[PDB]
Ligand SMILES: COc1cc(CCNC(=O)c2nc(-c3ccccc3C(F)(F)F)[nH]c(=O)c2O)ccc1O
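The chain below stands alone and is given as structure tokens, in the form solved without the named molecule.
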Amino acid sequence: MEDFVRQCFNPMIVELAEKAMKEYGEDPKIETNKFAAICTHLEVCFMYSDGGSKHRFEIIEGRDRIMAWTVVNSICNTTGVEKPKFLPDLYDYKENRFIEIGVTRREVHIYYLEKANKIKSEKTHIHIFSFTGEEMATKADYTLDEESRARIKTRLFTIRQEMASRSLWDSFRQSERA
């Protein structure tokens, strides 16, 4: 799986994932499913931010904590949107709302509720993807066009298929915890 991750994801995503794991004392060479999951999540966030009009989204995920909060606080100050308790993933300048993105190995509805429960926000939009083509977004409002969403859904399916071909998928699929 470590070899899979390093050949599947671009070096910027892999570096960010390694850093995120080491910040919690986790070794990417040992907790390789986690390594894969973090990379997938980052890749989805960046894909999502590329799917709108130029300048539609601000990326928050993947930034160091200080810069992430600087971005969040700046946006809150200039738009008056409520300050979230936890860092979200993106800000949507069109809809004027923060976005929390999730990618799940279980099922989109359970992950959606867990995420709703964690952030406890009246205002932050949630969008969840699976590796088998399901999605689930707050108020069935999927933000992006069918084409952009299809690209994300296809990418995750492709990752799943590659894992399966290497006999990595069944361990990976069963590795997410409530």
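Here, rigid core means the biggest group of C-alpha atoms that superpose within 1.5 Å across both forms. Start at 1 with the first residue shown and count on from there.
In terms of root mean square C-alpha deviation after superposing on the rigid core in 7 other deposited structures of this protein, the stretch standing farther out between 153-161 and 9-17 is 9-17. Rigid core superposition in 7 other deposited structures of this protein puts the Cα atoms of one stretch, out of 39-47 and 65-73, farther from the shown form on average, and that stretch is 65-73. Mean CA temperature factor is higher for 104-112 when stretches 104-112 and 67-75 are set side by side in the entry. Note on 119-127 vs 56-64: mean CA B-factor is higher in 119-127. Ranked within its chain, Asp27 lands in the middle third, by CA B factor from the PDB record. Placement of the Cα temperature factor of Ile152 within the chain: middle third of the modelled residues, per the deposited record. Per the deposited record, the Cα B-factor of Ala178 falls in the highest third when ranked against the other modelled residues of its chain. Sort the modelled residues of the chain by CA B factor and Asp89 lands in the lowest third.
In what follows, reference is made to the form solved in complex with the named molecule, a form of this protein that is not presented.
The named molecule in the deposited bound form is approached by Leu87, whose closest heavy atom lies within 4.5 angstroms of it. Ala137 falls outside the set of residues with a heavy atom inside 4.5 Å of the named molecule in the deposited bound form. Although the partner is absent here, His41 lies within 4.5 Å of the named molecule in the deposited bound form, judged by heavy atoms.
In the deposited bound form, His125 stays away from the named molecule, with no heavy atom inside 4.5 Å.
Remark: none of the three candidate residues (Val72, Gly80 and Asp92) comes within 4.5 Å of the named molecule in the deposited bound form, counting heavy atoms only. Residues of 82-113 that come within 4.5 Å of the named molecule in the deposited bound form, judged by any heavy atom, are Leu87, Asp89, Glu100, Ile101, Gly102, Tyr111 in sequence order.
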